[PDB]
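Dropping model20.csv in here (CSV, C-alpha atoms):
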```csv
chain,number,residue,atom,x,y,z
A,56,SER,CA,0.0,0.0,0.0
A,57,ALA,CA,2.8,2.4,0.8
A,58,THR,CA,4.3,1.5,-2.6
A,59,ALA,CA,1.0,2.3,-4.4
A,60,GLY,CA,0.7,5.6,-2.5
A,61,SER,CA,4.2,6.7,-3.6
A,62,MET,CA,3.1,6.5,-7.2
A,63,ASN,CA,1.4,9.8,-6.8
A,64,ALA,CA,4.8,11.5,-6.6
A,65,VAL,CA,5.9,9.7,-9.7
A,66,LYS,CA,2.8,11.0,-11.5
A,67,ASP,CA,3.4,14.5,-10.3
A,68,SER,CA,7.0,14.3,-11.6
A,69,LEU,CA,6.0,13.0,-15.1
A,70,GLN,CA,3.3,15.8,-15.4
A,71,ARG,CA,6.0,18.3,-14.4
A,72,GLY,CA,8.2,17.0,-17.2
A,73,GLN,CA,5.3,17.3,-19.7
A,74,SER,CA,4.8,21.0,-18.6
A,75,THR,CA,8.5,21.8,-19.0
A,76,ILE,CA,8.6,20.3,-22.5
A,77,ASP,CA,5.4,22.2,-23.3
A,78,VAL,CA,7.1,25.5,-22.5
A,79,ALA,CA,10.1,24.5,-24.6
A,80,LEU,CA,7.8,23.7,-27.5
A,81,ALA,CA,6.1,27.1,-27.3
A,82,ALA,CA,9.5,28.8,-27.4
A,83,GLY,CA,10.5,26.5,-30.3
A,84,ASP,CA,7.5,27.7,-32.2
A,85,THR,CA,8.8,31.3,-31.8
A,86,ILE,CA,12.3,30.3,-32.7
A,87,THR,CA,11.5,28.3,-35.9
A,88,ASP,CA,9.4,31.2,-37.1
A,89,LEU,CA,12.3,33.6,-36.4
A,90,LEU,CA,14.8,31.3,-38.3
A,91,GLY,CA,12.5,31.2,-41.3
A,92,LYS,CA,12.3,34.9,-41.4
A,93,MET,CA,16.1,35.1,-41.0
A,94,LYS,CA,16.6,32.8,-43.9
A,95,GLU,CA,14.3,35.0,-45.9
A,96,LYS,CA,16.5,38.0,-45.0
A,97,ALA,CA,19.8,36.3,-45.9
A,98,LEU,CA,18.3,35.0,-49.2
A,99,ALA,CA,17.2,38.5,-50.2
A,100,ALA,CA,20.6,40.0,-49.2
A,101,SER,CA,22.6,37.6,-51.4
A,102,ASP,CA,21.0,39.2,-54.5
A,103,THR,CA,23.5,41.6,-56.1
A,104,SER,CA,20.9,43.9,-57.7
A,105,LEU,CA,20.2,45.4,-54.3
A,106,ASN,CA,21.6,48.8,-53.6
A,107,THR,CA,23.4,49.4,-50.3
A,108,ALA,CA,20.4,50.8,-48.4
A,109,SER,CA,18.3,47.8,-49.1
A,110,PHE,CA,21.2,45.5,-48.1
B,111,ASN,CA,29.9,71.5,-90.5
B,112,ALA,CA,26.3,71.6,-89.5
B,113,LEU,CA,26.0,67.9,-90.0
B,114,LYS,CA,29.1,67.2,-88.0
B,115,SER,CA,27.8,69.4,-85.1
B,116,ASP,CA,24.5,67.5,-85.1
B,117,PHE,CA,26.4,64.2,-85.1
B,118,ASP,CA,28.5,65.2,-82.1
B,119,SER,CA,25.5,66.3,-80.1
B,120,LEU,CA,23.7,63.0,-80.7
B,121,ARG,CA,26.8,61.2,-79.7
B,122,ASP,CA,26.9,63.0,-76.4
B,123,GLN,CA,23.2,62.2,-75.9
B,124,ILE,CA,24.1,58.5,-76.2
B,125,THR,CA,26.4,58.8,-73.2
B,126,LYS,CA,23.6,60.5,-71.2
B,127,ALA,CA,21.1,57.9,-72.1
B,128,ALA,CA,23.3,55.0,-71.2
B,129,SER,CA,24.4,56.5,-67.9
B,130,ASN,CA,20.8,57.1,-66.8
B,131,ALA,CA,19.8,53.5,-67.4
B,132,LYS,CA,19.7,52.6,-63.7
B,133,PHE,CA,16.9,51.0,-61.6
B,134,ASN,CA,17.4,51.8,-57.9
B,135,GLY,CA,21.2,52.1,-58.2
B,136,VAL,CA,21.8,49.1,-60.4
B,137,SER,CA,22.2,48.8,-64.1
B,138,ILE,CA,22.5,46.1,-66.7
B,139,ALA,CA,23.5,48.5,-69.5
B,140,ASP,CA,25.6,51.3,-68.1
B,141,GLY,CA,28.9,49.2,-68.2
B,142,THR,CA,29.5,49.3,-64.4
B,143,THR,CA,29.4,45.5,-64.0
B,144,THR,CA,29.8,42.3,-66.0
B,145,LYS,CA,26.6,40.6,-64.9
B,146,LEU,CA,23.7,40.8,-62.4
B,147,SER,CA,22.7,37.6,-60.6
B,148,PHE,CA,19.1,37.2,-59.4
B,149,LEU,CA,17.8,34.5,-57.2
B,150,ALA,CA,16.7,31.3,-59.0
B,151,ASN,CA,15.7,29.1,-56.0
B,152,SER,CA,15.5,29.0,-52.3
B,153,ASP,CA,19.0,27.7,-51.9
B,154,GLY,CA,20.3,30.9,-53.4
B,155,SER,CA,21.4,29.6,-56.7
B,156,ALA,CA,21.7,32.5,-59.2
B,157,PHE,CA,19.8,33.4,-62.3
B,158,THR,CA,22.6,35.2,-64.2
B,159,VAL,CA,21.9,38.0,-66.6
B,160,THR,CA,25.0,39.0,-68.6
B,161,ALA,CA,25.5,42.8,-68.8
B,162,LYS,CA,25.0,44.4,-72.2
B,163,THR,CA,26.8,47.7,-72.3
B,164,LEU,CA,25.0,50.5,-74.2
```
Spell out the structure here as structure tokens.
Amino acid sequence: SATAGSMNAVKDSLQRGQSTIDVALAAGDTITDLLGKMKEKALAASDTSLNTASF
Amino acid sequence: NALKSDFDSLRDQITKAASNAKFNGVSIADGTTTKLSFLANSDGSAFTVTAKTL
């Protein structure tokens, strides 16, 4: 019975891990969007028809 | 002499026309570069356009 009761702490810990990964995935959404925009900037800046102000 | 004077004036106008052939600071015809390269695909491979000096 004491062993079954200690599984509540195991469940709390696993739920804590799922919450931590959820926050990481939200930040990762932000970061992959930023990286896509950054690739769009670098791709545009490699064109040589740009003037200096646009670059 | 009148024909020669007209000819020289038209010759100078050619220089003006060629020097003004710029789009936002870049030209394919004013002689300032050998080629312009525009993007062809997302990896950045170029679409070359050879300059044609006017």
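Within 7 Å of the point (22.0, 49.4, -53.9), counting all atoms listed in the file, the protein and nucleic acid residues come to residues 104, 105, 106, 107, 108 and 109 of chain A; 134, 135 and 136 of chain B.
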For a test of reading the model, state the distance in Å between CA of residue 157 (chain B) and CA of residue 143 (chain B), rounded to one decimal.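 Distance reported for this atom pair: 15.5 Å.
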Could you tell me, as a list in words, which residues have any atom at most 12 Å from (14.4, 32.5, -53.2), counting all atoms listed in the file?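 Residues found, by chain and rising number: residues 94, 95, 96, 97, 98, 99, 100, 101 and 102 of chain A; 148, 149, 150, 151, 152, 153, 154, 155, 156 and 157 of chain B.
Computed from the coordinates, the CA of residue 146 (chain B) to CA of residue 93 (chain A) distance equals 23.4 Å.
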I'd like the interatomic distance between CA of residue 162 (chain B) and CA of residue 137 (chain B), to a tenth of an Å.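 Between CA of residue 162 (chain B) and CA of residue 137 (chain B) the gap is 9.6 Å.
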